[PDB]
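Chemist: Below is structure_36.csv; it holds CSV, C-alpha atoms.
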chain,number,residue,atom,x,y,z
A,1,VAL,CA,6.4,39.0,-10.8
A,2,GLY,CA,7.2,35.7,-12.6
A,3,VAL,CA,11.3,14.2,2.2
A,4,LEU,CA,10.5,10.4,2.5
A,5,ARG,CA,11.0,7.7,5.1
A,6,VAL,CA,11.9,4.0,4.2
A,7,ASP,CA,11.2,1.1,6.6
A,8,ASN,CA,14.3,-1.2,6.3
A,9,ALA,CA,12.2,-4.1,7.8
A,10,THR,CA,9.0,-3.9,5.7
A,11,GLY,CA,10.4,-2.0,2.7
A,12,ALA,CA,7.4,0.3,3.3
A,13,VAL,CA,8.0,3.8,1.8
A,14,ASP,CA,6.1,6.8,3.2
A,15,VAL,CA,6.0,10.5,2.2
A,16,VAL,CA,6.7,13.0,5.0
B,1,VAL,CA,-4.8,30.9,-13.2
B,2,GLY,CA,-2.2,28.8,-15.0
B,3,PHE,CA,0.4,29.6,-12.3
B,4,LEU,CA,4.0,7.8,-5.9
B,5,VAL,CA,7.5,6.2,-5.7
B,6,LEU,CA,7.9,2.6,-6.7
B,7,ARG,CA,9.2,0.2,-4.1
B,8,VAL,CA,11.1,-2.8,-5.5
B,9,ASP,CA,11.3,-5.8,-3.3
B,10,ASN,CA,15.0,-7.1,-3.7
B,11,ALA,CA,13.9,-10.6,-2.8
B,12,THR,CA,10.7,-10.9,-5.0
B,13,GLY,CA,11.2,-8.3,-7.6
B,14,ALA,CA,7.6,-7.1,-6.7
B,15,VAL,CA,7.0,-3.4,-7.4
B,16,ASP,CA,4.8,-1.6,-4.9
B,17,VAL,CA,3.5,1.9,-5.4
B,18,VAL,CA,4.3,4.1,-2.4
B,19,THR,CA,1.4,6.5,-2.3
B,20,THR,CA,2.3,10.2,-2.3
B,21,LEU,CA,0.4,11.9,0.6
B,22,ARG,CA,-2.6,9.8,-0.7
B,23,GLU,CA,-4.9,7.8,1.7
B,24,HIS,CA,-8.1,8.6,-0.3
B,25,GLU,CA,-11.1,6.1,-0.2
B,26,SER,CA,-13.1,6.3,-3.4
B,27,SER,CA,-16.6,5.1,-2.4
B,28,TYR,CA,-18.8,2.9,-0.2
B,29,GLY,CA,-17.4,-0.7,-0.6
B,30,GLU,CA,-14.1,0.7,-2.2
B,31,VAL,CA,-12.4,0.0,1.2
B,32,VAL,CA,-15.4,-2.1,2.6
B,33,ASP,CA,-14.8,-4.4,-0.3
B,34,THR,CA,-11.1,-4.8,0.6
B,35,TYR,CA,-12.1,-6.0,4.1
B,36,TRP,CA,-14.3,-8.7,2.7
B,37,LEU,CA,-11.7,-9.7,0.1
B,38,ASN,CA,-9.1,-9.9,2.9
B,39,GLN,CA,-11.2,-11.9,5.3
B,40,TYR,CA,-12.2,-14.2,2.5
B,41,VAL,CA,-8.7,-15.0,1.3
B,42,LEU,CA,-7.3,-15.3,4.8
B,43,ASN,CA,-9.9,-17.7,6.0
B,44,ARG,CA,-10.1,-19.7,2.7
B,45,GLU,CA,-6.3,-20.2,2.3
B,46,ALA,CA,-5.5,-20.6,6.1
B,47,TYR,CA,-5.8,-23.8,8.1
B,48,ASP,CA,-5.8,-24.8,11.7
B,49,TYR,CA,-7.5,-28.0,13.0
B,50,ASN,CA,-8.7,-26.0,16.0
B,51,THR,CA,-10.5,-23.1,14.2
Could you quickly redo this structure as structure tokens?

Modeler:
Amino acid sequence: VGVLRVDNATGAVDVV
Amino acid sequence: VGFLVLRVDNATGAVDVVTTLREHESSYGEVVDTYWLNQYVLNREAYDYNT
């Protein structure tokens, strides 16, 4: 039997 | 049974921890405390003749 988004204006990084 | 990224500010070199799917609040005053700390610093450090 044996994504993330980055704000270019605030540099804020957030997991999807 | 046995079966956070770090953000580096290019201008300040300041490293911020980007939480991984984490918005947890630990306890009463854990986030309430942050409010008071914010309002304290903002009002203390800020200045406007009018307010």

Chemist: Can you work out the spacing between atom CA of residue B:13 and atom CA of residue B:37 in Å, to one decimal?

Modeler: 24.2 Å

Chemist: Please report as JSON lines every residue of chain B lying within 8 Å of chain A, along with the nearest atom pair and their distance in Å (one decimal), using all atoms listed in the file.

Modeler:
{"residue": "B:5", "atom": "CA", "partner": "A:13", "partner_atom": "CA", "distance": 7.9}
{"residue": "B:7", "atom": "CA", "partner": "A:13", "partner_atom": "CA", "distance": 7.0}
{"residue": "B:9", "atom": "CA", "partner": "A:11", "partner_atom": "CA", "distance": 7.2}
{"residue": "B:18", "atom": "CA", "partner": "A:13", "partner_atom": "CA", "distance": 5.6}
{"residue": "B:19", "atom": "CA", "partner": "A:14", "partner_atom": "CA", "distance": 7.2}
{"residue": "B:20", "atom": "CA", "partner": "A:15", "partner_atom": "CA", "distance": 5.8}
{"residue": "B:21", "atom": "CA", "partner": "A:15", "partner_atom": "CA", "distance": 6.0}

Chemist: Taking C-alpha atoms for each residue, export the selection above as a compact mmCIF listing (two decimals), in the coordinates of the input.

Modeler:
# COMPACT_ATOMS: atom_id res chain seq x y z
CA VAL B 5 7.50 6.20 -5.70
CA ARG B 7 9.20 0.20 -4.10
CA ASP B 9 11.30 -5.80 -3.30
CA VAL B 18 4.30 4.10 -2.40
CA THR B 19 1.40 6.50 -2.30
CA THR B 20 2.30 10.20 -2.30
CA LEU B 21 0.40 11.90 0.60

Chemist: Could you work out how far atom CA of residue B:33 lies from atom CA of residue B:4, giving the answer in Å with one decimal?

Modeler: 23.1 Å

Chemist: Mind pulling up the distance from atom CA of residue B:47 to atom CA of residue B:34?

Modeler: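 Interatomic distance, atom CA of residue B:34 to atom CA of residue B:47: 21.1 Å.
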